Amino acid sequence: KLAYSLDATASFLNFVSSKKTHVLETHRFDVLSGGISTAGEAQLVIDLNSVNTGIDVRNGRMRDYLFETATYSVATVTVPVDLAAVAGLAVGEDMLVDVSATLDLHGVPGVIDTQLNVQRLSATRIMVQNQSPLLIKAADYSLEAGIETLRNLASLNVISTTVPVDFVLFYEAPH
Ligand SMILES: COC1=C(OC)C(=O)C(C/C=C(\C)CC/C=C(\C)CC/C=C(\C)CC/C=C(\C)CC/C=C(\C)CC/C=C(\C)CC/C=C(\C)CCC=C(C)C)=C(C)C1=O
């Protein structure tokens, strides 16, 4: 079934908000899962209820009014992968992989065309990370209404609708 499992505790995915005059804050999802099937389909499942902004009231507002987690508990990324290309990586070697990754977020699947860095760490372990800075536009996933609700709740003049995302994921073959 699975050629690789996500090492959930070693892996992270962060996103960055900006409010007011460039007050940047990096937030995280504390719970990720995933794997790569023997049919060559890599998946990352992001637990939207695990959002961590450092502020409990804010976290609650993001769950309820932004992601609407009672409807959308998770966001799922799916990426076809060449398992032979990954297998052929020497220990320590990297490769760039151009992907059309599907992101299912907030009830709107969309494609992220980006480049990933894949590096082999051991006979069983690989590290996968965004090669380049990666931006998500809220409006692409019908999240701009959510951001406006957050802005109003916090009495802010402006919150940016463009959100950088960074991740470092570790996938492990069966040992
Ligand atoms: C009381 O406290 C409060 C405040 O502070 C005092 C506030 O500021 C505020 C105001 C609030 C804010 C400033 C926060 C506003 C929040 C904003 C702007 C964020 C909006 C978020 C978004 C638009 C999106 C969030 C991002 C995600 C869900 C991540 C999506 C995931 C992405 C893009 C990753 C895609 C993955 C890939 C391309 C590949 C993944 C790799 C694989 C599958 C492996 C492949 C394998 C191989 C081998 C190649 C409130 C309400 C408050 O209550």
# chains A, B, ... in the order shown; residues from 1 in each chain; ligands from 1
>>> residues_around(residues="residue 33 of chain A", least_positions_apart="6", cutoff="12 Å", atoms="only C-alpha atoms", output="ChimeraX atom specification")
/A:4-13,42-48,50,74-77,169-171
>>> residues_near_ligand(ligand="ligand 1", cutoff="7 Å", atoms="only C-alpha atoms and all ligand atoms", output="PyMOL selection string")
chain A and resi 15-19+42-44+48+55+57-58+61+75+77-79+81+86+97+101+103+105+112+114+116+118+128-130+136-138+143+147+150-151+153-154+159-163+165
>>> select_by_dssp(residues="chain A", states="helix (DSSP H, G or I)", output="PDB file with N, CA, C and O atoms, in the first residue's frame")
ATOM      1  N   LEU A  48      -6.414  21.135  10.055  1.00  0.00           N
ATOM      2  CA  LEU A  48      -6.703  22.559  10.211  1.00  0.00           C
ATOM      3  C   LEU A  48      -7.110  22.926  11.639  1.00  0.00           C
ATOM      4  O   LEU A  48      -6.892  24.065  12.077  1.00  0.00           O
ATOM      5  N   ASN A  49      -7.628  21.959  12.390  1.00  0.00           N
ATOM      6  CA  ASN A  49      -7.887  22.173  13.823  1.00  0.00           C
ATOM      7  C   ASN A  49      -6.627  22.322  14.659  1.00  0.00           C
ATOM      8  O   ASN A  49      -6.720  22.799  15.773  1.00  0.00           O
ATOM      9  N   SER A  50      -5.464  21.953  14.109  1.00  0.00           N
ATOM     10  CA  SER A  50      -4.196  22.037  14.829  1.00  0.00           C
ATOM     11  C   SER A  50      -3.459  23.361  14.614  1.00  0.00           C
ATOM     12  O   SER A  50      -2.291  23.475  14.967  1.00  0.00           O
ATOM     13  N   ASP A  56      -4.841  31.697  21.880  1.00  0.00           N
ATOM     14  CA  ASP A  56      -5.976  30.738  21.838  1.00  0.00           C
ATOM     15  C   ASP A  56      -7.221  31.336  21.187  1.00  0.00           C
ATOM     16  O   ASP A  56      -7.833  30.690  20.339  1.00  0.00           O
ATOM     17  N   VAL A  57      -7.580  32.566  21.552  1.00  0.00           N
ATOM     18  CA  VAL A  57      -8.735  33.229  20.947  1.00  0.00           C
ATOM     19  C   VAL A  57      -8.569  33.311  19.417  1.00  0.00           C
ATOM     20  O   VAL A  57      -9.493  33.009  18.676  1.00  0.00           O
ATOM     21  N   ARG A  58      -7.390  33.715  18.949  1.00  0.00           N
ATOM     22  CA  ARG A  58      -7.146  33.786  17.510  1.00  0.00           C
ATOM     23  C   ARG A  58      -7.252  32.421  16.855  1.00  0.00           C
ATOM     24  O   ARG A  58      -7.822  32.311  15.778  1.00  0.00           O
ATOM     25  N   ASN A  59      -6.717  31.388  17.505  1.00  0.00           N
ATOM     26  CA  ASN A  59      -6.731  30.055  16.938  1.00  0.00           C
ATOM     27  C   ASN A  59      -8.172  29.639  16.692  1.00  0.00           C
ATOM     28  O   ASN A  59      -8.468  29.045  15.671  1.00  0.00           O
ATOM     29  N   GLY A  60      -9.031  29.917  17.680  1.00  0.00           N
ATOM     30  CA  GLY A  60     -10.455  29.622  17.616  1.00  0.00           C
ATOM     31  C   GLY A  60     -11.175  30.337  16.499  1.00  0.00           C
ATOM     32  O   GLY A  60     -11.970  29.746  15.786  1.00  0.00           O
ATOM     33  N   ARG A  61     -10.871  31.609  16.337  1.00  0.00           N
ATOM     34  CA  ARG A  61     -11.400  32.388  15.222  1.00  0.00           C
ATOM     35  C   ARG A  61     -10.950  31.846  13.851  1.00  0.00           C
ATOM     36  O   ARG A  61     -11.739  31.823  12.900  1.00  0.00           O
ATOM     37  N   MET A  62      -9.690  31.422  13.754  1.00  0.00           N
ATOM     38  CA  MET A  62      -9.237  30.854  12.501  1.00  0.00           C
ATOM     39  C   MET A  62      -9.949  29.534  12.197  1.00  0.00           C
ATOM     40  O   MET A  62     -10.360  29.328  11.071  1.00  0.00           O
ATOM     41  N   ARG A  63     -10.128  28.676  13.191  1.00  0.00           N
ATOM     42  CA  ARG A  63     -10.855  27.415  13.001  1.00  0.00           C
ATOM     43  C   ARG A  63     -12.295  27.672  12.597  1.00  0.00           C
ATOM     44  O   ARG A  63     -12.779  27.085  11.638  1.00  0.00           O
ATOM     45  N   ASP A  64     -12.965  28.583  13.295  1.00  0.00           N
ATOM     46  CA  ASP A  64     -14.408  28.762  13.143  1.00  0.00           C
ATOM     47  C   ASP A  64     -14.813  29.594  11.923  1.00  0.00           C
ATOM     48  O   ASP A  64     -15.751  29.248  11.214  1.00  0.00           O
ATOM     49  N   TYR A  65     -14.088  30.683  11.687  1.00  0.00           N
ATOM     50  CA  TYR A  65     -14.503  31.713  10.744  1.00  0.00           C
ATOM     51  C   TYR A  65     -13.610  31.818   9.516  1.00  0.00           C
ATOM     52  O   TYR A  65     -13.979  32.455   8.552  1.00  0.00           O
ATOM     53  N   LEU A  66     -12.418  31.235   9.559  1.00  0.00           N
ATOM     54  CA  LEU A  66     -11.560  31.226   8.376  1.00  0.00           C
ATOM     55  C   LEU A  66     -11.634  29.862   7.678  1.00  0.00           C
ATOM     56  O   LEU A  66     -12.212  29.743   6.610  1.00  0.00           O
ATOM     57  N   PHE A  67     -11.101  28.822   8.311  1.00  0.00           N
ATOM     58  CA  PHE A  67     -11.087  27.496   7.712  1.00  0.00           C
ATOM     59  C   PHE A  67     -12.445  26.835   7.810  1.00  0.00           C
ATOM     60  O   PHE A  67     -12.760  25.979   7.006  1.00  0.00           O
ATOM     61  N   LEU A  83       8.536   7.126  -8.182  1.00  0.00           N
ATOM     62  CA  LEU A  83       9.187   6.395  -7.103  1.00  0.00           C
ATOM     63  C   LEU A  83      10.595   5.902  -7.479  1.00  0.00           C
ATOM     64  O   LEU A  83      11.461   5.803  -6.629  1.00  0.00           O
ATOM     65  N   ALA A  84      10.822   5.583  -8.752  1.00  0.00           N
ATOM     66  CA  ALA A  84      12.146   5.143  -9.208  1.00  0.00           C
ATOM     67  C   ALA A  84      13.162   6.293  -9.150  1.00  0.00           C
ATOM     68  O   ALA A  84      14.325   6.100  -8.815  1.00  0.00           O
ATOM     69  N   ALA A  85      12.713   7.497  -9.453  1.00  0.00           N
ATOM     70  CA  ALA A  85      13.583   8.665  -9.377  1.00  0.00           C
ATOM     71  C   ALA A  85      13.985   8.896  -7.926  1.00  0.00           C
ATOM     72  O   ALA A  85      15.137   9.205  -7.652  1.00  0.00           O
ATOM     73  N   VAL A  86      13.041   8.748  -6.994  1.00  0.00           N
ATOM     74  CA  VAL A  86      13.350   8.905  -5.566  1.00  0.00           C
ATOM     75  C   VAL A  86      14.299   7.804  -5.097  1.00  0.00           C
ATOM     76  O   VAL A  86      15.294   8.078  -4.398  1.00  0.00           O
ATOM     77  N   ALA A  87      14.006   6.561  -5.487  1.00  0.00           N
ATOM     78  CA  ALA A  87      14.863   5.406  -5.152  1.00  0.00           C
ATOM     79  C   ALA A  87      16.296   5.555  -5.661  1.00  0.00           C
ATOM     80  O   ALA A  87      17.243   5.108  -5.007  1.00  0.00           O
ATOM     81  N   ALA A 138      -5.508  34.003  -0.669  1.00  0.00           N
ATOM     82  CA  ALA A 138      -6.714  33.574   0.038  1.00  0.00           C
ATOM     83  C   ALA A 138      -7.885  33.431  -0.914  1.00  0.00           C
ATOM     84  O   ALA A 138      -8.682  32.519  -0.766  1.00  0.00           O
ATOM     85  N   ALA A 139      -7.974  34.324  -1.903  1.00  0.00           N
ATOM     86  CA  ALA A 139      -9.149  34.375  -2.741  1.00  0.00           C
ATOM     87  C   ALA A 139      -9.215  33.154  -3.651  1.00  0.00           C
ATOM     88  O   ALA A 139     -10.299  32.752  -4.040  1.00  0.00           O
ATOM     89  N   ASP A 140      -8.071  32.542  -3.933  1.00  0.00           N
ATOM     90  CA  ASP A 140      -8.041  31.305  -4.701  1.00  0.00           C
ATOM     91  C   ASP A 140      -8.771  30.124  -4.011  1.00  0.00           C
ATOM     92  O   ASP A 140      -9.131  29.142  -4.682  1.00  0.00           O
ATOM     93  N   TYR A 141      -8.984  30.218  -2.695  1.00  0.00           N
ATOM     94  CA  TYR A 141      -9.676  29.166  -1.922  1.00  0.00           C
ATOM     95  C   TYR A 141     -10.891  29.737  -1.178  1.00  0.00           C
ATOM     96  O   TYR A 141     -11.352  29.169  -0.181  1.00  0.00           O
ATOM     97  N   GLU A 144     -11.141  34.890   1.423  1.00  0.00           N
ATOM     98  CA  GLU A 144     -10.998  36.327   1.612  1.00  0.00           C
ATOM     99  C   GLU A 144     -12.097  36.867   2.534  1.00  0.00           C
ATOM    100  O   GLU A 144     -11.845  37.790   3.302  1.00  0.00           O
ATOM    101  N   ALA A 145     -13.285  36.261   2.504  1.00  0.00           N
ATOM    102  CA  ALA A 145     -14.366  36.642   3.419  1.00  0.00           C
ATOM    103  C   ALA A 145     -13.957  36.345   4.849  1.00  0.00           C
ATOM    104  O   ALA A 145     -14.177  37.170   5.757  1.00  0.00           O
ATOM    105  N   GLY A 146     -13.361  35.174   5.060  1.00  0.00           N
ATOM    106  CA  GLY A 146     -12.800  34.811   6.375  1.00  0.00           C
ATOM    107  C   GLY A 146     -11.787  35.816   6.909  1.00  0.00           C
ATOM    108  O   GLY A 146     -11.840  36.203   8.086  1.00  0.00           O
ATOM    109  N   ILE A 147     -10.869  36.252   6.051  1.00  0.00           N
ATOM    110  CA  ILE A 147      -9.832  37.213   6.454  1.00  0.00           C
ATOM    111  C   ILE A 147     -10.506  38.526   6.851  1.00  0.00           C
ATOM    112  O   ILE A 147     -10.172  39.123   7.879  1.00  0.00           O
ATOM    113  N   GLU A 148     -11.503  38.944   6.072  1.00  0.00           N
ATOM    114  CA  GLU A 148     -12.212  40.179   6.385  1.00  0.00           C
ATOM    115  C   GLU A 148     -12.948  40.053   7.736  1.00  0.00           C
ATOM    116  O   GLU A 148     -12.999  41.008   8.490  1.00  0.00           O
ATOM    117  N   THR A 149     -13.463  38.872   8.060  1.00  0.00           N
ATOM    118  CA  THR A 149     -14.106  38.673   9.351  1.00  0.00           C
ATOM    119  C   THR A 149     -13.079  38.803  10.465  1.00  0.00           C
ATOM    120  O   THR A 149     -13.320  39.472  11.479  1.00  0.00           O
ATOM    121  N   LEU A 150     -11.908  38.211  10.253  1.00  0.00           N
ATOM    122  CA  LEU A 150     -10.836  38.307  11.240  1.00  0.00           C
ATOM    123  C   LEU A 150     -10.390  39.749  11.434  1.00  0.00           C
ATOM    124  O   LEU A 150     -10.207  40.191  12.552  1.00  0.00           O
ATOM    125  N   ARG A 151     -10.258  40.487  10.340  1.00  0.00           N
ATOM    126  CA  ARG A 151      -9.834  41.881  10.396  1.00  0.00           C
ATOM    127  C   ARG A 151     -10.784  42.702  11.263  1.00  0.00           C
ATOM    128  O   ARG A 151     -10.359  43.436  12.165  1.00  0.00           O
ATOM    129  N   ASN A 152     -12.066  42.560  10.979  1.00  0.00           N
ATOM    130  CA  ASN A 152     -13.117  43.229  11.734  1.00  0.00           C
ATOM    131  C   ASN A 152     -13.200  42.828  13.215  1.00  0.00           C
ATOM    132  O   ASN A 152     -13.378  43.700  14.085  1.00  0.00           O
ATOM    133  N   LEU A 153     -13.050  41.538  13.504  1.00  0.00           N
ATOM    134  CA  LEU A 153     -13.026  41.063  14.897  1.00  0.00           C
ATOM    135  C   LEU A 153     -11.863  41.640  15.694  1.00  0.00           C
ATOM    136  O   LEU A 153     -11.988  41.899  16.912  1.00  0.00           O
TER     137      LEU A 153
END
>>> select_by_dssp(residues="segment 34-87 of chain A", states="strand (DSSP E)", output="PyMOL selection string")
chain A and resi 34-37+41-47+51-52+74-80
>>> closest_residue(among="A:96, A:54, A:3, A:106", to="residue 71 of chain A", atoms="only C-alpha atoms")
A:106
>>> atom_distance(atom1="atom CA of residue 117 of chain A", atom2="atom CA of residue 39 of chain A")
20.8 Å
>>> closest_residue(among="A:126, A:99, A:134, A:31", to="residue 52 of chain A", atoms="only C-alpha atoms")
A:31
>>> atom_distance(atom1="atom CA of residue 110 of chain A", atom2="atom CA of residue 72 of chain A")
15.3 Å
>>> atom_distance(atom1="atom CA of residue 174 of chain A", atom2="atom CA of residue 125 of chain A")
9.5 Å
